[PDB]
Structures are given as structure tokens and as C-alpha cells.
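For reference, the chain that follows is the form deposited in one PDB entry, supplied as C-alpha cells.
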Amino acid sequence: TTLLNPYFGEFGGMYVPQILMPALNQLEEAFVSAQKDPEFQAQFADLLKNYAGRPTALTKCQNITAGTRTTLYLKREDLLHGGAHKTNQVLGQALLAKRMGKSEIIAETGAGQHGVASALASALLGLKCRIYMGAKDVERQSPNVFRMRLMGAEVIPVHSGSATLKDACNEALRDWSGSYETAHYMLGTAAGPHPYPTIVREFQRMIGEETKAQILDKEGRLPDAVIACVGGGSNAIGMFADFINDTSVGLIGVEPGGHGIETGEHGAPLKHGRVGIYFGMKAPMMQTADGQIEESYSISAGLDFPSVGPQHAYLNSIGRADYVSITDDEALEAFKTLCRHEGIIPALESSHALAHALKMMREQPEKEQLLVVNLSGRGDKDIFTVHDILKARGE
């Protein structure tokens, strides 16, 4: 029994060991309580404004759309404290942890942005933070490892499986199943067991709310489409949520195509996987014929995950949102273009969203369209990876 619906159509649920059900119920009750509590809402608003620096800018990008009928804005979550959208919902979940009387945090991270967010919130709010991170990700997102540790978080490399985000997720959940009396599991994406997909959406939805207000101010009308990359789904559902009932507004989610869908080296289960049960949820996932969970691949650690949040699976199923993929090379081109032509260094995750917007423009350059890309983070964490690539490439 729950207070809120754990499903989005067929997708979602609470597929965890029985031991963890009381913790999920307690979290759901605390969330419902907090959402009605003016003191909680005021504390959360205060941290978002005065600590994280919301609202974030909405930047018009003139140079990259020159000669076309596309107008493109970027929602600047890259300017949030910590460097990505992840900080928004960590502040809310950290406040929930305190509300539940918990003094420790467990988090998983792939790009290290959720880990940095978890570490900074824990430092501010007086929580002891431990973060699991795949050993491959420890290498390719190393700047974030240094940042987490300087903020006093324990960072635990995970060598099992693919040594990437799914493996970190697995270890975090294993830990929580033994430590839930004292630790809150601060899940970093809109996925996992109920109530996480709901809480994450509700604590990220300021992205789309602000975007709506900003685009009405600057354009006097809603966007033709909003475009976001999709790992587990937090930045995309955060941008989408306030537009779901605006039926004219396209919702476009961009999964990682990796080396190309045809290679099987990707992270695009919503369009190329099939429904399964893993990580506490019923959702599309990359799986073998026999139902073993497949390892994903993306150049971008934050998208390198073999499943997707259940609300995105639902929005796809009913046709409310469309999902596409962008390859590593397409993402890299978009990264370079934004650096060179707008003076913004985007996260490789966010570069997937930008790449699809650039394709929408370039494919149909005389189509009048007003687009918003969620620029989910800044690319400081990626600069060594990208340099090494363009170097090995002979650039």
C-alpha cells in the first residue's frame, strides 16, 4: 500500500527485496508531508536561490543557428552550483534525509555530478556521505573524484561488471539494504523503485517551470519543442514536467547511441531494449535473449546506463514524448561547436541533446522552429577525455 501511484502505465513499481519496503514507504510519507509543509518549501527555495543560484539563465544562441529558421535557447543548468542540474534534487532529498532523522548518505555516480552534488549538500547540511563510482568512471571523470574527496565524501571505486554507473548503482543498493536504519539512499536519477521517479521529478521540475516563464517573457509563446538527454531521466523529466499538459510543445529525449545502435555498444533501451525488471523498477532495459542485463556503452559516463526511468517509458508509449539517439561522434561535434561558437563548454551528456537540436536545424533549415535544449551541465569534467580524443584523431 502506498500514498501515491508507483506506476506510469505498465512501468515503475517497487521491485526491491522485502527488507527495503519500510524504507521506501517511510521516504514516500516524508515526501508527501514535506510537499505540504510551508517551512520545508521555504527552506528548499532558500537553498536553491541563495546557495545554488537559481533561477538559471536561458541563453539565446544566435551564432549556431545563423542562416536557418531555427531559434535555439539553452537552459543553463551548467551555471548551477556544482556544475549540473543534479544539485537541485539533492538539496531536496538532503532535507528529506534530515526530516527522517538520518545522518548518513549513500549515493551512486557516473559522471560524478550527482556525487559532487551529494558531497556538497552533505558538507552544507551536516551529513556523512559515501559515494560509489565505477572504476572506469573514476578514470574518465577524474576531476569530479577530486572535488568529492576535497568536500569530505568517501568515494568507493566499483570494479565489478562494466565498472560504470549500473555497477555503482548495484553497490549503493546493496549497501542501503544493510544500512537503511541510519543512511538515506540519495538516488540521483528519475529511476529506481517508487517513490524515487516521482520525488526526483518533483524536485527537478523547476527547470521546465523556469524555462516556460523565461520563454514566454522573451518570445511571448511556448517552445515548439524542448530537448534533453536521457540517462536515467532526471534532467529530461525536470524540463518536460511543466510542459506535459501543453500539448503543442514537443518533448524530445535523446538517448546515447554510443558507437552506433547497430554495434550494440549504446545506452538506448527505451527505443532498442525491451521491458524487464531491474534496479527496483519495471522498465525498458538492454538485456540478453535469456534476460541477463547487458552492459551499456556511451562516451558520456552520465548516459552510460542500460535502463531508463519509467515515466519516460510511459510518455513514449502514449506518444506524448519522442525519443531519439545521438552517437559519440555526433555528441563530440556538438561539444566542439558550442565551445567554438557560443563560448560554452557543455557536459558530454548535454552535448547529446544539443547534437539532436543541431540535426533538427540542419536537416530542415527553412523550417521555422523555436527550440529549447536543456544544457544539463558544464564540461569541465570532460575536457581531458575530449582533448585526448581529438588528439588521437589527429586534430
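Numbers follow the displayed sequence, beginning with 1. Heads up, when I say rigid core I mean the largest set of C-alphas that superpose within 1.5 Å between the two forms.
One more form of this protein exists, namely the form deposited in another entry; it is left out here, but the text below deals with it.
With the core superposed, a Cα shift of 2 Å or more between the shown form and the other one singles out one residue among 248, 292, 177, 263. Which one is it? Once the cores are aligned, the residue moving by 2 Å or more is 177.
By the 2 angstroms cut-off, has the C-alpha of residue 228 moved between the shown form and the other one once the rigid core is superposed? Comparing the forms between the shown form and the other one, which are aligned on their rigid core, residue 228 does not shift its C-alpha by 2 Å or more.
Core-superposed comparison between the shown form and the other one, residue 112 Cα displacement 2 Å or beyond: It does, since the residue 112 C-alpha is displaced 2 Å or more between the shown form and the other one after the core fit.
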